[PDB]
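Peer 1: Structure file data-v4.pdb (PDB, C-alpha atoms and all ligand atoms) is given on the next line.
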```pdb
ATOM      1  CA  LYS A   1     232.410 133.959  33.415  1.00  0.00           C
ATOM      2  CA  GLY A   2     230.134 136.626  34.831  1.00  0.00           C
ATOM      3  CA  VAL A   3     227.545 137.699  32.248  1.00  0.00           C
ATOM      4  CA  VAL A   4     227.453 141.502  31.994  1.00  0.00           C
ATOM      5  CA  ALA A   5     225.489 144.205  30.224  1.00  0.00           C
ATOM      6  CA  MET A   6     227.150 147.603  29.714  1.00  0.00           C
ATOM      7  CA  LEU A   7     224.925 150.655  29.677  1.00  0.00           C
ATOM      8  CA  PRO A   8     225.862 153.542  27.411  1.00  0.00           C
ATOM      9  CA  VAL A   9     228.164 155.821  29.336  1.00  0.00           C
ATOM     10  CA  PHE A  10     226.267 158.609  31.092  1.00  0.00           C
ATOM     11  CA  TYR A  11     227.570 162.188  30.860  1.00  0.00           C
ATOM     12  CA  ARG A  12     225.683 165.281  32.053  1.00  0.00           C
ATOM     13  CA  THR A  13     226.941 168.552  30.591  1.00  0.00           C
ATOM     14  CA  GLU A  14     232.469 171.383  22.414  1.00  0.00           C
ATOM     15  CA  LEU A  15     235.937 171.756  20.907  1.00  0.00           C
ATOM     16  CA  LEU A  16     236.365 168.033  20.397  1.00  0.00           C
ATOM     17  CA  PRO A  17     235.777 166.419  17.000  1.00  0.00           C
ATOM     18  CA  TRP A  18     234.250 163.376  18.702  1.00  0.00           C
ATOM     19  CA  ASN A  19     231.740 162.627  21.438  1.00  0.00           C
ATOM     20  CA  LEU A  20     233.397 161.758  24.755  1.00  0.00           C
ATOM     21  CA  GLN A  21     230.475 159.549  25.840  1.00  0.00           C
ATOM     22  CA  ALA A  22     230.777 157.611  22.603  1.00  0.00           C
ATOM     23  CA  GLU A  23     234.525 157.096  23.033  1.00  0.00           C
ATOM     24  CA  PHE A  24     234.121 155.941  26.609  1.00  0.00           C
ATOM     25  CA  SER A  25     231.268 153.573  25.735  1.00  0.00           C
ATOM     26  CA  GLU A  26     233.193 151.949  22.915  1.00  0.00           C
ATOM     27  CA  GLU A  27     236.522 151.717  24.726  1.00  0.00           C
ATOM     28  CA  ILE A  28     235.015 150.215  27.873  1.00  0.00           C
ATOM     29  CA  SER A  29     232.834 147.902  25.808  1.00  0.00           C
ATOM     30  CA  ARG A  30     235.822 146.696  23.791  1.00  0.00           C
ATOM     31  CA  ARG A  31     237.678 145.892  27.017  1.00  0.00           C
ATOM     32  CA  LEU A  32     234.764 144.071  28.637  1.00  0.00           C
ATOM     33  CA  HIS A  33     234.485 142.106  25.384  1.00  0.00           C
ATOM     34  CA  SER A  34     238.212 141.303  25.379  1.00  0.00           C
ATOM     35  CA  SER A  35     238.094 140.286  29.036  1.00  0.00           C
ATOM     36  CA  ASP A  36     238.055 136.523  29.342  1.00  0.00           C
ATOM     37  CA  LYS A  37     236.517 136.965  32.813  1.00  0.00           C
ATOM     38  CA  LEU A  38     233.335 138.654  31.594  1.00  0.00           C
ATOM     39  CA  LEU A  39     230.787 137.672  28.941  1.00  0.00           C
ATOM     40  CA  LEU A  40     229.431 140.865  27.409  1.00  0.00           C
ATOM     41  CA  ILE A  41     225.887 140.589  26.110  1.00  0.00           C
ATOM     42  CA  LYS A  42     224.075 142.679  23.540  1.00  0.00           C
ATOM     43  CA  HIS A  43     220.943 144.379  24.894  1.00  0.00           C
ATOM     44  CA  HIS A  44     218.403 146.955  23.660  1.00  0.00           C
ATOM     45  CA  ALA A  45     217.534 148.734  26.918  1.00  0.00           C
ATOM     46  CA  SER A  46     215.457 151.896  26.534  1.00  0.00           C
ATOM     47  CA  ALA A  47     216.732 155.324  27.585  1.00  0.00           C
ATOM     48  CA  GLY A  48     214.677 155.278  30.760  1.00  0.00           C
ATOM     49  CA  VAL A  49     215.662 151.760  31.690  1.00  0.00           C
ATOM     50  CA  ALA A  50     219.357 152.568  31.382  1.00  0.00           C
ATOM     51  CA  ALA A  51     218.971 155.940  33.065  1.00  0.00           C
ATOM     52  CA  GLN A  52     217.562 154.537  36.284  1.00  0.00           C
ATOM     53  CA  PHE A  53     220.946 152.954  37.109  1.00  0.00           C
ATOM     54  CA  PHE A  54     222.527 156.436  37.232  1.00  0.00           C
ATOM     55  CA  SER A  55     220.068 157.975  39.696  1.00  0.00           C
ATOM     56  CA  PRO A  56     222.028 159.143  42.775  1.00  0.00           C
ATOM     57  CA  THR A  57     219.599 157.065  44.870  1.00  0.00           C
ATOM     58  CA  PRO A  58     218.356 154.270  42.576  1.00  0.00           C
ATOM     59  CA  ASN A  59     214.920 152.745  42.911  1.00  0.00           C
ATOM     60  CA  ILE A  60     214.667 149.905  40.363  1.00  0.00           C
ATOM     61  CA  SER A  61     211.952 147.235  40.541  1.00  0.00           C
ATOM     62  CA  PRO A  62     212.772 143.823  39.084  1.00  0.00           C
ATOM     63  CA  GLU A  63     210.261 144.480  36.316  1.00  0.00           C
ATOM     64  CA  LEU A  64     212.302 147.549  35.326  1.00  0.00           C
ATOM     65  CA  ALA A  65     215.527 145.507  34.861  1.00  0.00           C
ATOM     66  CA  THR A  66     214.276 142.691  32.580  1.00  0.00           C
ATOM     67  CA  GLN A  67     215.533 144.457  29.442  1.00  0.00           C
ATOM     68  CA  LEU A  68     219.081 143.736  30.642  1.00  0.00           C
ATOM     69  CA  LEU A  69     218.558 140.033  31.067  1.00  0.00           C
ATOM     70  CA  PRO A  70     220.221 137.630  30.430  1.00  0.00           C
ATOM     71  CA  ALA A  71     223.008 139.603  32.022  1.00  0.00           C
ATOM     72  CA  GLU A  72     223.748 138.841  35.667  1.00  0.00           C
ATOM     73  CA  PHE A  73     225.461 142.207  36.247  1.00  0.00           C
ATOM     74  CA  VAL A  74     224.939 145.684  34.855  1.00  0.00           C
ATOM     75  CA  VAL A  75     227.888 148.023  34.384  1.00  0.00           C
ATOM     76  CA  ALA A  76     226.891 151.693  34.742  1.00  0.00           C
ATOM     77  CA  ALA A  77     229.743 154.165  34.210  1.00  0.00           C
ATOM     78  CA  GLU A  78     229.185 157.931  34.410  1.00  0.00           C
ATOM     79  CA  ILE A  79     231.689 160.558  33.318  1.00  0.00           C
ATOM     80  CA  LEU A  80     231.552 163.118  36.085  1.00  0.00           C
ATOM     81  CA  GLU A  81     233.940 165.571  34.417  1.00  0.00           C
ATOM     82  CA  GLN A  82     236.843 165.982  32.079  1.00  0.00           C
ATOM     83  CA  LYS A  83     238.795 169.156  32.734  1.00  0.00           C
ATOM     84  CA  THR A  84     242.096 170.925  32.293  1.00  0.00           C
ATOM     85  CA  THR A  85     243.925 173.219  34.706  1.00  0.00           C
ATOM     86  CA  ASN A  86     252.000 171.565  35.990  1.00  0.00           C
ATOM     87  CA  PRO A  87     248.740 171.941  34.042  1.00  0.00           C
ATOM     88  CA  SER A  88     247.016 168.694  33.241  1.00  0.00           C
ATOM     89  CA  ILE A  89     243.963 167.121  31.724  1.00  0.00           C
ATOM     90  CA  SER A  90     241.952 164.851  33.982  1.00  0.00           C
ATOM     91  CA  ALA A  91     238.747 162.850  34.018  1.00  0.00           C
ATOM     92  CA  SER A  92     236.640 161.353  36.779  1.00  0.00           C
ATOM     93  CA  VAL A  93     234.208 158.443  36.369  1.00  0.00           C
ATOM     94  CA  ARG A  94     231.655 157.002  38.794  1.00  0.00           C
ATOM     95  CA  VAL A  95     231.540 153.244  38.217  1.00  0.00           C
ATOM     96  CA  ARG A  96     228.581 151.225  39.469  1.00  0.00           C
ATOM     97  CA  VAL A  97     227.896 147.512  39.145  1.00  0.00           C
ATOM     98  CA  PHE A  98     224.442 146.121  39.863  1.00  0.00           C
ATOM     99  CA  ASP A  99     223.532 142.473  40.465  1.00  0.00           C
ATOM    100  CA  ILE A 100     220.285 141.664  38.657  1.00  0.00           C
ATOM    101  CA  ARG A 101     220.106 137.939  39.419  1.00  0.00           C
ATOM    102  CA  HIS A 102     217.270 136.257  41.311  1.00  0.00           C
ATOM    103  CA  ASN A 103     214.590 138.795  40.317  1.00  0.00           C
ATOM    104  CA  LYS A 104     216.315 141.406  42.493  1.00  0.00           C
ATOM    105  CA  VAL A 105     218.342 144.554  41.792  1.00  0.00           C
ATOM    106  CA  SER A 106     221.244 145.450  44.074  1.00  0.00           C
ATOM    107  CA  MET A 107     224.182 147.810  43.734  1.00  0.00           C
ATOM    108  CA  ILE A 108     227.305 145.779  44.630  1.00  0.00           C
ATOM    109  CA  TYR A 109     230.037 148.288  43.716  1.00  0.00           C
ATOM    110  CA  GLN A 110     230.288 152.068  43.535  1.00  0.00           C
ATOM    111  CA  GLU A 111     233.505 154.031  43.240  1.00  0.00           C
ATOM    112  CA  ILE A 112     234.848 157.189  41.644  1.00  0.00           C
ATOM    113  CA  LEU A 113     237.964 156.480  39.578  1.00  0.00           C
ATOM    114  CA  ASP A 114     240.097 159.198  38.060  1.00  0.00           C
ATOM    115  CA  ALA A 115     243.179 159.783  35.941  1.00  0.00           C
ATOM    116  CA  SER A 116     245.340 162.803  35.161  1.00  0.00           C
ATOM    117  CA  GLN A 117     248.051 163.622  32.643  1.00  0.00           C
ATOM    118  CA  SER A 118     250.392 166.566  32.128  1.00  0.00           C
ATOM    119  CA  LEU A 119     249.431 168.639  29.081  1.00  0.00           C
ATOM    120  CA  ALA A 120     253.127 168.890  28.190  1.00  0.00           C
ATOM    121  CA  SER A 121     253.384 165.091  27.764  1.00  0.00           C
ATOM    122  CA  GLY A 122     252.380 165.205  24.107  1.00  0.00           C
ATOM    123  CA  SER A 123     250.436 167.070  21.463  1.00  0.00           C
ATOM    124  CA  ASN A 124     247.055 168.549  22.315  1.00  0.00           C
ATOM    125  CA  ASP A 125     245.998 168.842  18.662  1.00  0.00           C
ATOM    126  CA  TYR A 126     242.930 166.638  19.091  1.00  0.00           C
ATOM    127  CA  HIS A 127     241.943 167.205  15.482  1.00  0.00           C
ATOM    128  CA  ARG A 128     245.246 165.884  14.086  1.00  0.00           C
ATOM    129  CA  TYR A 129     245.582 163.239  16.827  1.00  0.00           C
ATOM    130  CA  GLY A 130     242.036 162.647  18.034  1.00  0.00           C
ATOM    131  CA  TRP A 131     240.330 159.439  19.117  1.00  0.00           C
ATOM    132  CA  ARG A 132     240.808 156.610  16.589  1.00  0.00           C
ATOM    133  CA  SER A 133     243.738 158.331  14.870  1.00  0.00           C
ATOM    134  CA  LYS A 134     247.007 156.400  15.175  1.00  0.00           C
ATOM    135  CA  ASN A 135     248.667 158.676  17.710  1.00  0.00           C
ATOM    136  CA  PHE A 136     245.784 159.518  20.047  1.00  0.00           C
ATOM    137  CA  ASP A 137     247.208 157.152  22.645  1.00  0.00           C
ATOM    138  CA  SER A 138     250.366 159.355  22.696  1.00  0.00           C
ATOM    139  CA  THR A 139     248.498 162.589  23.457  1.00  0.00           C
ATOM    140  CA  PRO A 140     247.942 163.709  27.043  1.00  0.00           C
ATOM    141  CA  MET A 141     244.235 162.989  26.833  1.00  0.00           C
ATOM    142  CA  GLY A 142     244.763 159.582  25.219  1.00  0.00           C
ATOM    143  CA  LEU A 143     247.358 158.487  27.769  1.00  0.00           C
ATOM    144  CA  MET A 144     244.999 159.565  30.553  1.00  0.00           C
ATOM    145  CA  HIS A 145     242.014 157.799  28.983  1.00  0.00           C
ATOM    146  CA  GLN A 146     243.932 154.557  28.461  1.00  0.00           C
ATOM    147  CA  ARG A 147     244.902 154.309  32.128  1.00  0.00           C
ATOM    148  CA  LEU A 148     241.371 155.171  33.244  1.00  0.00           C
ATOM    149  CA  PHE A 149     239.731 152.601  30.944  1.00  0.00           C
ATOM    150  CA  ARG A 150     242.157 149.952  32.189  1.00  0.00           C
ATOM    151  CA  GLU A 151     241.318 150.749  35.820  1.00  0.00           C
ATOM    152  CA  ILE A 152     237.570 150.798  35.211  1.00  0.00           C
ATOM    153  CA  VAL A 153     237.572 147.323  33.711  1.00  0.00           C
ATOM    154  CA  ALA A 154     239.977 145.915  36.320  1.00  0.00           C
ATOM    155  CA  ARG A 155     237.614 147.072  39.079  1.00  0.00           C
ATOM    156  CA  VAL A 156     234.525 145.722  37.319  1.00  0.00           C
ATOM    157  CA  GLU A 157     236.279 142.374  36.863  1.00  0.00           C
ATOM    158  CA  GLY A 158     237.265 142.284  40.506  1.00  0.00           C
ATOM    159  CA  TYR A 159     233.853 143.076  41.943  1.00  0.00           C
ATOM    160  CA  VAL A 160     231.920 140.896  39.520  1.00  0.00           C
ATOM    161  CA  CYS A 161     234.174 137.913  40.118  1.00  0.00           C
ATOM    162  CA  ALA A 162     234.145 138.448  43.888  1.00  0.00           C
ATOM    163  CA  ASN A 163     230.350 138.033  43.587  1.00  0.00           C
TER     164      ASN A 163
HETATM  165 NA    NA A 201     234.610 139.330  27.550  1.00  0.00          NA
END
```
Represent the supplied structure as C-alpha cells.
Peer 2:
Amino acid sequence: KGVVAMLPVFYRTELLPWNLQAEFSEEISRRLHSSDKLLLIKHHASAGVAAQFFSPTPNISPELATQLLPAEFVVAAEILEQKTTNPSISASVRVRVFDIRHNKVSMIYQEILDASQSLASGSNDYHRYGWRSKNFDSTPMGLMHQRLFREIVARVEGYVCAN
C-alpha cells in the first residue's frame, strides 16, 4: 500500500449550515482511509507547511516536507469553486499528489475534476437535508459531492499506485 498524508482541503473565498472545506476534508479522508490501496497516516503539519503544496508554482525544499513523513505521498485537494446557475449546482477541485520519498519533493499528478447536478433532482433545503443528515446524499448537492469524492479518490489511487 502507498502511504499517504492528506492535507486539509484548501478553499479560497455563507448560506450553508456547515463548512464546505470541512465536509470535503472529512469525506475524502474517510475514503482514503477505507481504500485498501492506500495507508492514510495521521500528521500534524503546520498551516504554512500544508499551504506550500497549494502554491500555483510550488517551491518546497525537503526540509519543508518532513512534517508529512512517514507518508510517501501527499494529497493536496483544492476546491476551486462551488456554484449554481437546466440550472445545476457544480463544484470543481484541483487535485495534486506529491511524492515526498528519497528526500525529494515532486508533483506527480495534477488535474481539475468536476461534477454537476440538476437542482431539480432533489430538495435544496440544505438545513433540513444538509451534510451528515440522512438524506443529504439525495439532494442535488449531495449527489454531486458523492460522485466528485469518488472520482477524486479513484484518481489518487491510480496515480499513487502507478508510482
Ligand atoms: Na486506506
Peer 1: Once the PyMOL selection byres (((chain A and resi 16) around 9) and not hetatm) is applied to the coordinates I shared, what remains selected? I want it as a list in words.
Peer 2: residues 14, 15, 17, 18, 19, 20, 126, 127 and 130 of chain A
Peer 1: Residues at most 7 Å from ligand NA 201 (chain A), using only C-alpha atoms and all ligand atoms? Could they come as a VMD selection string?
Peer 2: chain A and resid 32 to 40
Peer 1: Hey, can you spit out that residue selection with C-alpha atoms as an mmCIF file, keeping the file's coordinate frame?
Peer 2:
```
data_model
loop_
_atom_site.group_PDB
_atom_site.id
_atom_site.type_symbol
_atom_site.label_atom_id
_atom_site.label_comp_id
_atom_site.auth_asym_id
_atom_site.auth_seq_id
_atom_site.Cartn_x
_atom_site.Cartn_y
_atom_site.Cartn_z
ATOM 1 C CA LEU A 32 234.764 144.071 28.637
ATOM 2 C CA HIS A 33 234.485 142.106 25.384
ATOM 3 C CA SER A 34 238.212 141.303 25.379
ATOM 4 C CA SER A 35 238.094 140.286 29.036
ATOM 5 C CA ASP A 36 238.055 136.523 29.342
ATOM 6 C CA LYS A 37 236.517 136.965 32.813
ATOM 7 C CA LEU A 38 233.335 138.654 31.594
ATOM 8 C CA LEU A 39 230.787 137.672 28.941
ATOM 9 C CA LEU A 40 229.431 140.865 27.409
#
```
Peer 1: Kindly resolve the PyMOL selection byres (((chain A and resi 49) around 9) and not hetatm) on the present coordinates and return the residues as a count of residues only.
Peer 2: 13
Peer 1: Which is closer to residue 125 (chain A) than all the others in A:91, A:138, A:158, A:108, using all atoms listed in the file?
Peer 2: A:138
Peer 1: What's the 10 Å shell around residue 95 (chain A), counting only C-alpha atoms, without same-chain residues fewer than 4 positions away, as a list in words?
Peer 2: residues 9, 54, 75, 76, 77, 78, 79, 109, 110, 111, 112, 113, 152, 153, 155 and 156 of chain A
Peer 1: Write the residues of the selection above to a file with C-alpha atoms, as an mmCIF file, keeping the file's coordinate frame.
Peer 2:
```
data_model
loop_
_atom_site.group_PDB
_atom_site.id
_atom_site.type_symbol
_atom_site.label_atom_id
_atom_site.label_comp_id
_atom_site.auth_asym_id
_atom_site.auth_seq_id
_atom_site.Cartn_x
_atom_site.Cartn_y
_atom_site.Cartn_z
ATOM 1 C CA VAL A 9 228.164 155.821 29.336
ATOM 2 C CA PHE A 54 222.527 156.436 37.232
ATOM 3 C CA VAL A 75 227.888 148.023 34.384
ATOM 4 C CA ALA A 76 226.891 151.693 34.742
ATOM 5 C CA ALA A 77 229.743 154.165 34.210
ATOM 6 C CA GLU A 78 229.185 157.931 34.410
ATOM 7 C CA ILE A 79 231.689 160.558 33.318
ATOM 8 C CA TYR A 109 230.037 148.288 43.716
ATOM 9 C CA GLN A 110 230.288 152.068 43.535
ATOM 10 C CA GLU A 111 233.505 154.031 43.240
ATOM 11 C CA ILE A 112 234.848 157.189 41.644
ATOM 12 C CA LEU A 113 237.964 156.480 39.578
ATOM 13 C CA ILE A 152 237.570 150.798 35.211
ATOM 14 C CA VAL A 153 237.572 147.323 33.711
ATOM 15 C CA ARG A 155 237.614 147.072 39.079
ATOM 16 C CA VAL A 156 234.525 145.722 37.319
#
```
Peer 1: Could you tell me which residues the PyMOL selection byres (((chain A and resi 25) around 9) and not hetatm) returns for this structure, as a VMD selection string?
Peer 2: chain A and resid 6 to 10 20 to 24 26 to 30 77
Peer 1: If you count only C-alpha atoms, which residues fall within 10 Å of residue 123 (chain A), apart from same-chain ones fewer than 3 positions away, as number ranges by chain?
Peer 2: A: 119-120, 126, 128-129, 135-136, 138-141
Peer 1: Hey, which of A:105, A:89, A:157, A:150 ends up closest to residue 124 (chain A)? Count only C-alpha atoms.
Peer 2: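 That would be A:89, the residue with the smallest distance to residue 124 (chain A).
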Peer 1: With distances taken over all atoms listed in the file, which residue among A:121, A:74, A:3, A:62 lies nearest residue 86 (chain A)?
Peer 2: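 Closest to residue 86 (chain A), using all atoms listed in the file: A:121.
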Peer 1: Do you have the CA of residue 81 (chain A)-CA of residue 116 (chain A) distance handy?
Peer 2: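 Taking CA of residue 81 (chain A) and CA of residue 116 (chain A), their separation equals 11.8 Å.
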Peer 1: Which residue, A:61, A:83, A:31, A:161, has the smallest gap to residue 146 (chain A) when you use all atoms listed in the file?
Peer 2: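 Looking only at the distances to residue 146 (chain A), the closest residue turns out to be A:31.
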Peer 1: Tell me which protein, DNA and RNA residues are within 10 Å of residue 70 (chain A), counting all atoms listed in the file, leaving out same-chain ones fewer than 6 positions away, and put them as number ranges by chain.
Peer 2: A: 3-5, 41-43, 100-101
Peer 1: Go through A:103, A:92, A:85, A:163 one by one, measure the shortest atom-to-atom distance of each to residue 145 (chain A) using all atoms listed in the file, and give the residue with the smallest value.
Peer 2: A:92
Peer 1: Between A:115, A:107, A:148, A:143, which is the closest to residue 58 (chain A) once you count all atoms listed in the file?
Peer 2: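 Closest to residue 58 (chain A) of all the choices is A:107.
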Peer 1: Enclose region 74-82 of chain A, meaning all of its atoms listed in the file, in a box aligned along x, y and z, pad it by 3 Å on each side, and list the centre and edge lengths in Å to one decimal, as JSON.
Peer 2:
```
{"center_x": 230.9, "center_y": 155.8, "center_z": 34.1, "size_x": 17.9, "size_y": 26.3, "size_z": 10.0}
```
Peer 1: Region 84-120 of chain A from the block above, N, CA and C atoms, as a PDB file, in the first residue's frame, please?
Peer 2:
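After the write, result17.pdb holds the following:
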```pdb
ATOM      1  N   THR A  84     -23.949  27.611  -8.450  1.00  0.00           N
ATOM      2  CA  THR A  84     -25.171  27.279  -9.157  1.00  0.00           C
ATOM      3  C   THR A  84     -25.276  28.115 -10.432  1.00  0.00           C
ATOM      4  N   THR A  85     -26.339  27.865 -11.185  1.00  0.00           N
ATOM      5  CA  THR A  85     -26.570  28.541 -12.455  1.00  0.00           C
ATOM      6  C   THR A  85     -28.050  28.840 -12.648  1.00  0.00           C
ATOM      7  N   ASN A  86     -31.301  24.247 -17.752  1.00  0.00           N
ATOM      8  CA  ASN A  86     -31.401  23.230 -16.704  1.00  0.00           C
ATOM      9  C   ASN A  86     -30.476  23.548 -15.526  1.00  0.00           C
ATOM     10  N   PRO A  87     -30.866  24.514 -14.695  1.00  0.00           N
ATOM     11  CA  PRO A  87     -29.949  25.022 -13.664  1.00  0.00           C
ATOM     12  C   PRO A  87     -29.416  23.921 -12.762  1.00  0.00           C
ATOM     13  N   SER A  88     -28.162  24.065 -12.373  1.00  0.00           N
ATOM     14  CA  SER A  88     -27.470  22.992 -11.691  1.00  0.00           C
ATOM     15  C   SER A  88     -26.585  23.577 -10.618  1.00  0.00           C
ATOM     16  N   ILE A  89     -26.111  22.694  -9.760  1.00  0.00           N
ATOM     17  CA  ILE A  89     -25.075  23.020  -8.800  1.00  0.00           C
ATOM     18  C   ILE A  89     -23.851  22.202  -9.171  1.00  0.00           C
ATOM     19  N   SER A  90     -22.692  22.843  -9.157  1.00  0.00           N
ATOM     20  CA  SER A  90     -21.474  22.190  -9.601  1.00  0.00           C
ATOM     21  C   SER A  90     -20.328  22.590  -8.696  1.00  0.00           C
ATOM     22  N   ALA A  91     -19.292  21.753  -8.697  1.00  0.00           N
ATOM     23  CA  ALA A  91     -18.073  22.027  -7.963  1.00  0.00           C
ATOM     24  C   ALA A  91     -16.881  21.544  -8.771  1.00  0.00           C
ATOM     25  N   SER A  92     -15.761  22.205  -8.560  1.00  0.00           N
ATOM     26  CA  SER A  92     -14.536  21.951  -9.302  1.00  0.00           C
ATOM     27  C   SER A  92     -13.408  21.864  -8.294  1.00  0.00           C
ATOM     28  N   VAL A  93     -12.579  20.824  -8.398  1.00  0.00           N
ATOM     29  CA  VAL A  93     -11.500  20.588  -7.438  1.00  0.00           C
ATOM     30  C   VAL A  93     -10.195  20.338  -8.183  1.00  0.00           C
ATOM     31  N   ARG A  94      -9.136  21.071  -7.810  1.00  0.00           N
ATOM     32  CA  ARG A  94      -7.798  20.756  -8.299  1.00  0.00           C
ATOM     33  C   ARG A  94      -7.146  19.754  -7.349  1.00  0.00           C
ATOM     34  N   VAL A  95      -6.865  18.566  -7.867  1.00  0.00           N
ATOM     35  CA  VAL A  95      -6.211  17.509  -7.114  1.00  0.00           C
ATOM     36  C   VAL A  95      -4.745  17.487  -7.505  1.00  0.00           C
ATOM     37  N   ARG A  96      -3.870  17.501  -6.504  1.00  0.00           N
ATOM     38  CA  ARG A  96      -2.449  17.293  -6.662  1.00  0.00           C
ATOM     39  C   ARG A  96      -1.999  16.130  -5.793  1.00  0.00           C
ATOM     40  N   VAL A  97      -1.043  15.356  -6.296  1.00  0.00           N
ATOM     41  CA  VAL A  97      -0.335  14.382  -5.472  1.00  0.00           C
ATOM     42  C   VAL A  97       1.148  14.665  -5.611  1.00  0.00           C
ATOM     43  N   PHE A  98       1.837  14.706  -4.485  1.00  0.00           N
ATOM     44  CA  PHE A  98       3.275  14.918  -4.441  1.00  0.00           C
ATOM     45  C   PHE A  98       3.939  13.660  -3.911  1.00  0.00           C
ATOM     46  N   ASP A  99       5.095  13.323  -4.474  1.00  0.00           N
ATOM     47  CA  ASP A  99       5.941  12.237  -3.995  1.00  0.00           C
ATOM     48  C   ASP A  99       6.986  12.852  -3.079  1.00  0.00           C
ATOM     49  N   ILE A 100       7.020  12.439  -1.813  1.00  0.00           N
ATOM     50  CA  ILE A 100       7.999  13.004  -0.889  1.00  0.00           C
ATOM     51  C   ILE A 100       9.009  11.952  -0.417  1.00  0.00           C
ATOM     52  N   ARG A 101       9.178  10.871  -1.180  1.00  0.00           N
ATOM     53  CA  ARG A 101      10.215   9.908  -0.879  1.00  0.00           C
ATOM     54  C   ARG A 101      11.594  10.438  -1.258  1.00  0.00           C
ATOM     55  N   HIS A 102      12.613   9.802  -0.680  1.00  0.00           N
ATOM     56  CA  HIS A 102      14.009   9.969  -1.106  1.00  0.00           C
ATOM     57  C   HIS A 102      14.506  11.397  -0.919  1.00  0.00           C
ATOM     58  N   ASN A 103      14.014  12.064   0.128  1.00  0.00           N
ATOM     59  CA  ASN A 103      14.430  13.420   0.483  1.00  0.00           C
ATOM     60  C   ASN A 103      14.228  14.383  -0.675  1.00  0.00           C
ATOM     61  N   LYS A 104      13.209  14.127  -1.498  1.00  0.00           N
ATOM     62  CA  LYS A 104      12.858  14.991  -2.614  1.00  0.00           C
ATOM     63  C   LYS A 104      11.368  15.292  -2.541  1.00  0.00           C
ATOM     64  N   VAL A 105      10.939  16.315  -3.270  1.00  0.00           N
ATOM     65  CA  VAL A 105       9.527  16.683  -3.355  1.00  0.00           C
ATOM     66  C   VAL A 105       9.211  16.894  -4.827  1.00  0.00           C
ATOM     67  N   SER A 106       8.268  16.126  -5.349  1.00  0.00           N
ATOM     68  CA  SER A 106       7.903  16.195  -6.755  1.00  0.00           C
ATOM     69  C   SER A 106       6.403  16.072  -6.893  1.00  0.00           C
ATOM     70  N   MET A 107       5.822  16.894  -7.753  1.00  0.00           N
ATOM     71  CA  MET A 107       4.404  16.779  -8.069  1.00  0.00           C
ATOM     72  C   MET A 107       4.218  15.750  -9.183  1.00  0.00           C
ATOM     73  N   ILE A 108       3.516  14.648  -8.883  1.00  0.00           N
ATOM     74  CA  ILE A 108       3.362  13.544  -9.839  1.00  0.00           C
ATOM     75  C   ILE A 108       1.989  13.502 -10.497  1.00  0.00           C
ATOM     76  N   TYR A 109       1.035  14.296 -10.025  1.00  0.00           N
ATOM     77  CA  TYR A 109      -0.304  14.320 -10.579  1.00  0.00           C
ATOM     78  C   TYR A 109      -0.914  15.684 -10.295  1.00  0.00           C
ATOM     79  N   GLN A 110      -1.552  16.254 -11.318  1.00  0.00           N
ATOM     80  CA  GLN A 110      -2.342  17.468 -11.147  1.00  0.00           C
ATOM     81  C   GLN A 110      -3.481  17.424 -12.145  1.00  0.00           C
ATOM     82  N   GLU A 111      -4.705  17.584 -11.660  1.00  0.00           N
ATOM     83  CA  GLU A 111      -5.850  17.574 -12.552  1.00  0.00           C
ATOM     84  C   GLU A 111      -7.010  18.267 -11.876  1.00  0.00           C
ATOM     85  N   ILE A 112      -7.816  18.957 -12.683  1.00  0.00           N
ATOM     86  CA  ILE A 112      -9.060  19.548 -12.210  1.00  0.00           C
ATOM     87  C   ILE A 112     -10.190  18.584 -12.533  1.00  0.00           C
ATOM     88  N   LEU A 113     -10.880  18.142 -11.491  1.00  0.00           N
ATOM     89  CA  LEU A 113     -12.029  17.262 -11.550  1.00  0.00           C
ATOM     90  C   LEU A 113     -13.271  18.072 -11.205  1.00  0.00           C
ATOM     91  N   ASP A 114     -14.397  17.707 -11.794  1.00  0.00           N
ATOM     92  CA  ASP A 114     -15.603  18.471 -11.534  1.00  0.00           C
ATOM     93  C   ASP A 114     -16.808  17.551 -11.612  1.00  0.00           C
ATOM     94  N   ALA A 115     -17.909  18.038 -11.051  1.00  0.00           N
ATOM     95  CA  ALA A 115     -19.175  17.321 -11.026  1.00  0.00           C
ATOM     96  C   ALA A 115     -20.298  18.346 -11.087  1.00  0.00           C
ATOM     97  N   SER A 116     -21.448  17.933 -11.629  1.00  0.00           N
ATOM     98  CA  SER A 116     -22.584  18.830 -11.731  1.00  0.00           C
ATOM     99  C   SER A 116     -23.866  18.031 -11.579  1.00  0.00           C
ATOM    100  N   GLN A 117     -24.887  18.694 -11.027  1.00  0.00           N
ATOM    101  CA  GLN A 117     -26.158  18.037 -10.751  1.00  0.00           C
ATOM    102  C   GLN A 117     -27.310  19.025 -10.905  1.00  0.00           C
ATOM    103  N   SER A 118     -28.379  18.566 -11.557  1.00  0.00           N
ATOM    104  CA  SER A 118     -29.551  19.410 -11.755  1.00  0.00           C
ATOM    105  C   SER A 118     -30.187  19.752 -10.416  1.00  0.00           C
ATOM    106  N   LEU A 119     -30.519  21.034 -10.225  1.00  0.00           N
ATOM    107  CA  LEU A 119     -31.138  21.473  -8.975  1.00  0.00           C
ATOM    108  C   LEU A 119     -32.547  20.920  -8.805  1.00  0.00           C
ATOM    109  N   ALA A 120     -33.157  20.418  -9.874  1.00  0.00           N
ATOM    110  CA  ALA A 120     -34.476  19.816  -9.765  1.00  0.00           C
ATOM    111  C   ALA A 120     -34.430  18.377  -9.279  1.00  0.00           C
TER     112      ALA A 120
END
```
